[PDB]
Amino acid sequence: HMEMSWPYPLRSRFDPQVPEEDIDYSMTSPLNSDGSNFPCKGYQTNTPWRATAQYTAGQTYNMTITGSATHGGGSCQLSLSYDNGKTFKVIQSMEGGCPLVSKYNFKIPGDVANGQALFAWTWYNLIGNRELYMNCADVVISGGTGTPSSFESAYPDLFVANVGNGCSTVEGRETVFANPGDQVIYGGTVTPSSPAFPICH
(Lines of atoms letter the chains of each structure in order from A and count residues from 1; the text may use other names and numbers.)
(Lines give C-alpha, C1' and ligand atoms only; values in the text may rest on other atoms or scores of the structure.)
Protein backbone atom coordinates (compact mmCIF):
# COMPACT_ATOMS: atom_id res chain seq x y z
CA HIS A 1 0.00 0.00 0.00
CA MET A 2 2.39 2.70 -1.34
CA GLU A 3 2.15 5.50 -3.92
CA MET A 4 4.60 7.99 -5.48
CA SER A 5 4.37 11.29 -3.51
CA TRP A 6 7.04 13.26 -5.49
CA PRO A 7 6.98 14.17 -8.29
CA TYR A 8 3.16 14.30 -8.07
CA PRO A 9 1.65 11.58 -10.28
CA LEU A 10 -1.59 11.90 -12.27
CA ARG A 11 -4.65 12.45 -9.98
CA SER A 12 -2.41 12.59 -6.82
CA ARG A 13 -4.01 13.46 -3.43
CA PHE A 14 -0.70 15.37 -2.73
CA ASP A 15 -0.98 17.72 -5.77
CA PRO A 16 -2.78 21.00 -4.86
CA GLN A 17 -3.65 21.54 -8.59
CA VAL A 18 -5.85 18.35 -8.77
CA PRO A 19 -9.60 19.16 -8.44
CA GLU A 20 -11.20 17.32 -5.42
CA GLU A 21 -13.49 15.38 -7.86
CA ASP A 22 -10.48 14.02 -9.88
CA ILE A 23 -8.19 12.86 -6.98
CA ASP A 24 -7.62 9.09 -6.73
CA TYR A 25 -7.97 8.56 -2.95
CA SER A 26 -7.26 4.78 -3.48
CA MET A 27 -4.00 5.38 -5.44
CA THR A 28 -2.16 2.72 -3.30
CA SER A 29 -4.26 -0.05 -5.04
CA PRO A 30 -2.13 -2.35 -7.24
CA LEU A 31 -2.73 -2.53 -11.02
CA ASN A 32 -5.51 -4.91 -12.24
CA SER A 33 -4.27 -8.58 -12.49
CA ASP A 34 -5.73 -8.80 -16.06
CA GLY A 35 -3.67 -5.80 -17.40
CA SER A 36 -6.84 -3.74 -18.10
CA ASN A 37 -5.30 -0.57 -16.43
CA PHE A 38 -1.61 -1.06 -17.41
CA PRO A 39 0.15 1.33 -17.74
CA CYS A 40 -0.36 4.16 -15.22
CA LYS A 41 -4.00 3.11 -14.20
CA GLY A 42 -4.91 4.59 -17.64
CA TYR A 43 -4.70 8.14 -16.22
CA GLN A 44 -2.27 9.26 -19.01
CA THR A 45 -5.26 9.04 -21.44
CA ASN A 46 -7.91 11.05 -19.53
CA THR A 47 -6.14 13.64 -17.32
CA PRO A 48 -4.91 17.14 -18.24
CA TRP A 49 -1.26 17.49 -19.41
CA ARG A 50 0.47 19.40 -16.58
CA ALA A 51 4.15 18.94 -15.65
CA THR A 52 4.88 18.27 -11.94
CA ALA A 53 8.71 18.23 -12.51
CA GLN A 54 11.22 19.92 -14.78
CA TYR A 55 14.28 17.65 -15.25
CA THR A 56 17.63 18.76 -16.75
CA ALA A 57 19.76 16.05 -18.46
CA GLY A 58 22.88 15.23 -16.33
CA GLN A 59 21.29 16.48 -13.05
CA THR A 60 20.28 14.42 -9.98
CA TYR A 61 16.77 14.52 -8.46
CA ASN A 62 14.83 12.69 -5.76
CA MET A 63 11.49 10.91 -5.84
CA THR A 64 9.48 9.86 -2.77
CA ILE A 65 7.13 6.96 -2.00
CA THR A 66 4.54 7.21 0.82
CA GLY A 67 2.05 4.78 2.37
CA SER A 68 0.83 2.37 5.07
CA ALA A 69 2.59 -0.95 4.19
CA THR A 70 5.89 -1.92 2.47
CA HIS A 71 5.04 -5.68 2.03
CA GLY A 72 8.64 -6.70 3.10
CA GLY A 73 10.27 -4.64 0.32
CA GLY A 74 10.72 -5.78 -3.27
CA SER A 75 12.11 -4.20 -6.43
CA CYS A 76 11.29 -0.96 -8.33
CA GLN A 77 12.11 0.77 -11.60
CA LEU A 78 12.05 4.41 -12.61
CA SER A 79 11.34 4.85 -16.34
CA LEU A 80 10.54 7.48 -19.00
CA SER A 81 8.04 7.35 -21.90
CA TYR A 82 8.19 9.76 -24.88
CA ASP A 83 4.96 8.27 -26.47
CA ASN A 84 2.47 8.86 -23.58
CA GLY A 85 2.92 5.34 -22.24
CA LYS A 86 3.17 3.07 -25.36
CA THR A 87 6.84 2.32 -24.37
CA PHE A 88 8.74 2.84 -21.12
CA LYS A 89 12.53 2.87 -20.93
CA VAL A 90 14.37 2.28 -17.61
CA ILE A 91 16.70 4.99 -16.16
CA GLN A 92 17.10 3.37 -12.69
CA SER A 93 16.48 -0.09 -11.14
CA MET A 94 16.24 -0.56 -7.34
CA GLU A 95 16.77 -4.34 -6.94
CA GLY A 96 15.87 -5.47 -3.42
CA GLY A 97 14.87 -3.41 -0.38
CA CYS A 98 12.35 -1.24 -2.36
CA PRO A 99 10.58 0.70 -0.87
CA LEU A 100 12.10 0.23 2.65
CA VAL A 101 13.31 3.87 2.33
CA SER A 102 10.85 6.57 1.26
CA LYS A 103 13.32 8.74 -0.83
CA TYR A 104 15.45 7.70 -3.84
CA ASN A 105 17.98 9.83 -5.73
CA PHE A 106 18.46 9.26 -9.49
CA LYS A 107 20.48 10.91 -12.28
CA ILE A 108 18.75 11.83 -15.59
CA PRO A 109 21.15 10.50 -18.30
CA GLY A 110 22.81 13.01 -20.68
CA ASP A 111 21.37 11.27 -23.80
CA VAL A 112 17.63 11.41 -22.81
CA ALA A 113 15.25 13.12 -25.26
CA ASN A 114 13.70 16.58 -24.65
CA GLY A 115 10.09 17.60 -24.11
CA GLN A 116 7.02 16.07 -22.57
CA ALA A 117 7.50 12.70 -20.92
CA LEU A 118 5.86 10.35 -18.45
CA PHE A 119 7.99 9.49 -15.40
CA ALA A 120 6.85 6.08 -14.07
CA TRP A 121 7.51 4.33 -10.74
CA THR A 122 6.91 0.56 -10.79
CA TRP A 123 7.08 -1.70 -7.72
CA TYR A 124 6.97 -5.50 -7.30
CA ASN A 125 6.18 -6.31 -3.64
CA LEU A 126 8.27 -9.09 -2.01
CA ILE A 127 5.62 -10.50 0.45
CA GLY A 128 1.94 -11.10 -0.34
CA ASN A 129 -0.10 -11.42 -3.53
CA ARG A 130 1.79 -11.11 -6.87
CA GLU A 131 1.16 -7.42 -7.68
CA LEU A 132 2.46 -4.60 -9.80
CA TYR A 133 2.13 -1.05 -8.41
CA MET A 134 2.56 1.78 -10.92
CA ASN A 135 2.11 5.59 -10.83
CA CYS A 136 3.05 8.01 -13.67
CA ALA A 137 3.85 11.77 -13.57
CA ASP A 138 3.82 14.33 -16.38
CA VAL A 139 7.32 15.81 -16.61
CA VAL A 140 9.35 18.01 -19.00
CA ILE A 141 12.93 17.06 -19.86
CA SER A 142 15.52 19.68 -21.02
CA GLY A 143 19.11 19.64 -22.20
CA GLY A 144 19.33 16.02 -23.45
CA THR A 145 21.34 14.99 -26.53
CA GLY A 146 19.02 12.11 -27.54
CA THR A 147 15.90 11.67 -29.67
CA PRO A 148 12.99 9.40 -28.69
CA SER A 149 14.48 6.85 -31.23
CA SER A 150 18.11 6.99 -29.91
CA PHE A 151 16.82 6.78 -26.30
CA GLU A 152 14.49 3.87 -27.08
CA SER A 153 17.46 1.98 -28.72
CA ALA A 154 20.01 2.69 -25.94
CA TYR A 155 17.97 1.93 -22.73
CA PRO A 156 16.23 -1.18 -21.38
CA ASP A 157 12.51 -1.89 -21.74
CA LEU A 158 10.51 -1.65 -18.49
CA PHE A 159 10.17 -5.03 -16.74
CA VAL A 160 6.42 -5.90 -16.88
CA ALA A 161 4.92 -8.74 -14.75
CA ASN A 162 1.66 -9.63 -12.86
CA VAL A 163 -0.60 -8.01 -15.55
CA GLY A 164 -1.81 -11.21 -17.33
CA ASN A 165 1.15 -11.30 -19.83
CA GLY A 166 2.48 -14.81 -18.81
CA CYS A 167 5.30 -13.26 -16.64
CA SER A 168 4.87 -13.45 -12.82
CA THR A 169 6.96 -12.56 -9.77
CA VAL A 170 7.28 -15.28 -7.12
CA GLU A 171 6.51 -14.89 -3.42
CA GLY A 172 9.73 -15.15 -1.35
CA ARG A 173 12.01 -14.53 -4.36
CA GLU A 174 13.68 -11.14 -4.91
CA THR A 175 12.82 -9.65 -8.31
CA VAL A 176 16.18 -9.13 -10.10
CA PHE A 177 15.76 -7.74 -13.61
CA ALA A 178 17.40 -9.44 -16.62
CA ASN A 179 17.92 -5.90 -18.08
CA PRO A 180 18.36 -3.45 -15.09
CA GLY A 181 20.44 -0.80 -16.94
CA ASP A 182 23.65 0.84 -15.66
CA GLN A 183 22.06 2.88 -12.76
CA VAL A 184 21.27 0.25 -10.08
CA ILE A 185 20.69 0.48 -6.32
CA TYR A 186 21.02 -2.91 -4.52
CA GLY A 187 19.04 -3.65 -1.33
CA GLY A 188 17.38 -6.45 0.65
CA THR A 189 19.29 -9.70 -0.19
CA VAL A 190 20.29 -8.65 -3.79
CA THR A 191 23.96 -8.10 -4.78
CA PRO A 192 25.58 -7.34 -8.17
CA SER A 193 26.12 -11.22 -8.44
CA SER A 194 22.42 -12.23 -7.77
CA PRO A 195 20.97 -14.09 -10.79
CA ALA A 196 18.09 -12.50 -12.78
CA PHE A 197 14.66 -13.75 -11.57
CA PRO A 198 12.07 -14.36 -12.79
CA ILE A 199 12.93 -15.26 -16.44
CA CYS A 200 9.96 -14.35 -18.70
CA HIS A 201 9.35 -15.52 -22.36
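Heads up: residue numbers just count along the shown sequence, starting at 1.
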Looking only at C-alpha temperature factors in the entry, 93 to 101 or 115 to 123, the higher average sits in 93 to 101
Mean Cα B-factor check, 11 to 19 vs 186 to 194, entry values; winner is 186 to 194
Per the deposited B-factor column, the C-alpha that peaks among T52, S33, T45, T28 belongs to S33
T87: C-alpha B-factor third of its chain, per the entry, is the middle
Among the modelled residues of its chain, the C-alpha B-factor of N135 falls in the third labelled lowest
Chain thirds by Cα B factor, record data; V176 belongs to the middle
Binned into thirds over the chain's modelled residues, the C-alpha B-factor of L158 lands in the lowest
Tertile call for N165 (CA temperature factor, within chain, third-based) is the highest
